[PDB]
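Novice: Structure below; questions to follow.
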Amino acid sequence: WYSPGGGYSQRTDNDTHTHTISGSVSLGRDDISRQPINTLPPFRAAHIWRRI
Amino acid sequence: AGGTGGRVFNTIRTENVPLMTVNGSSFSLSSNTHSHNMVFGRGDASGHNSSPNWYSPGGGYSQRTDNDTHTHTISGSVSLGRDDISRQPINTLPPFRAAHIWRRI
Amino acid sequence: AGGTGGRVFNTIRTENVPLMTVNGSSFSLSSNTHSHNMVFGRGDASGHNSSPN
């Protein structure tokens, strides 16, 4: 509706909306996937265990 | 040096700020044009841009060209969504710098 | 004591399971006026509760 005045006919089937209409949507994102952290080559560097 | 060693000050330890990324995905949202119902009354003031509907009236002389029966549904594609999670806390502050037993036999 | 050290059953170690949340996102969809098809004409039998077209 463009708020046009009916020249001859009566547009009684069109009216403004005052109450919201509930709509159903589909599924969405759930969670992220596995990602790599750190470098295996430099990770877990060996430490000297020699006593004093 | 010491008899017992560990990785606390300088070593490849664990615990850090978690960071991750999510691959781009398409989310579909369907905006149904039905179930809007009817509000207000007729023969009065109506707001602009109002969706026009039909009252199922039998036209005595005129033709109701604004009322029709739907034959096929409308499928729409929604926009993008969230990217990834934010920073999270790792480890417990009161238990921070906890000593680890590493003395040898 | 033991030559090899580890903290599994009971020990003061570090590291835990991180917990995080994603920022709120809203899905926007455009209701296209086309692609709805059409069957029959007007003045005629019409399905109840059908979307006006």
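Novice: May I ask you to sort A:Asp13, A:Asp30 by Cβ crowding, counting other Cβ atoms within 10 Å and putting the fewest first?
Specialist: Neighbour counts put them in this order, fewest first: A:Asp30, A:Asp13.
Novice: Putting +1 on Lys and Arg Cβ atoms and -1 on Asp and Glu Cβ atoms, find which of B:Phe9, B:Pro52, B:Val39 reaches farthest to the positive end of the dipole of region B:1-69.
Specialist: Value computed over the given set: B:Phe9.
Novice: Under a Cβ-only charge scheme (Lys and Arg +1, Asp and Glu -1), can you give me the dipole magnitude of chain A about the Cα centre, in debye to the nearest 20? Walk me through the numbers before you get to the answer.
Specialist: Numbers: 6 positive and 4 negative charges, 187 e Å.
Charge dipole, chain A, about its Cα centre: 900 debye, nearest 20.
Novice: I've got another one for you. If you wrap a convex hull around the alpha carbons of chain C, what volume per residue comes out, as a whole number of Å³?
Specialist: Working: hull volume 13.5 nm³, N = 53.
Hull volume over Cα atoms, normalised by residue count, gives 254 Å³.
Novice: Could you run the Karplus curve 6.51 cos²θ - 1.76 cosθ + 1.60 with θ = phi - 60° over region C:37-53 and give me ³J(HN,Hα) per residue in whole Hz, x for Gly and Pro?
Specialist: Ordered by residue, 3J(HN,Hα) equals 6, 7, 9, 6, x, 10, x, 10, 5, 10, x, 5, 6, 6, 5, x, 9 Hz.
Novice: Right, next: In whole Å, what are the extents of chain B along the principal axes defined by its C-alpha atoms, from largest to smallest?
Specialist: Its Cα atoms span 105, 30, 23 Å along the three principal axes.
Novice: Between B:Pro89, B:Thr71, B:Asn23, whose Cα lies farthest towards the positive end of the dipole of chain B when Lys and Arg beta carbons carry +1 and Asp and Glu beta carbons carry -1, centred on the Cα centre?
Specialist: B:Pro89
Novice: Compute the normalised compactness of the protein assembly as shown: alpha-carbon radius of gyration over 2.2 N^0.38 Å, N being the residue count. Show your work: numbers first, answer last.
Specialist: On the way: Rg = 33.1 Å, N = 210, 2.2 N^0.38 = 16.8 Å.
After normalising by residue count via 2.2 N^0.38 Å, the value is 1.97.
Novice: Could you give the dipole magnitude of chain B about its Cα centre, charging the beta-carbon of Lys and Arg +1 and that of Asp and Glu -1, in debye to the nearest 20? Numbers along the way, then the final one.
Specialist: Numbers: 9 positive and 6 negative charges, 220 e Å.
Around 1060 debye, computed over chain B.
Novice: Hey, another quick one. Alpha carbon centre of region B:21-75 versus region C:24-45: separation in Å?
Specialist: 8
Novice: Oh, and also: From the backbone phi of region A:15-27, what are the Karplus-calculated ³J(HN,Hα) couplings (6.51 cos²θ - 1.76 cosθ + 1.60, θ = phi - 60°) in whole Hz, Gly and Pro given as x?
Specialist: 8, 6, 9, 10, 10, 6, 10, 6, x, 9, 10, 7, 6
Novice: Using alpha carbons only, what's the Rg to Rh ratio of region B:28-77 with Rh from Kirkwood?
Specialist: Radius of gyration over Kirkwood radius for region B:28-77 works out to 1.01.
No value in this document is a laboratory result; all are computed from the given coordinates. As a convention, Cβ positions derive from the backbone with ideal geometry for all residues, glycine included, and neighbour counts pool all protein chains shown.
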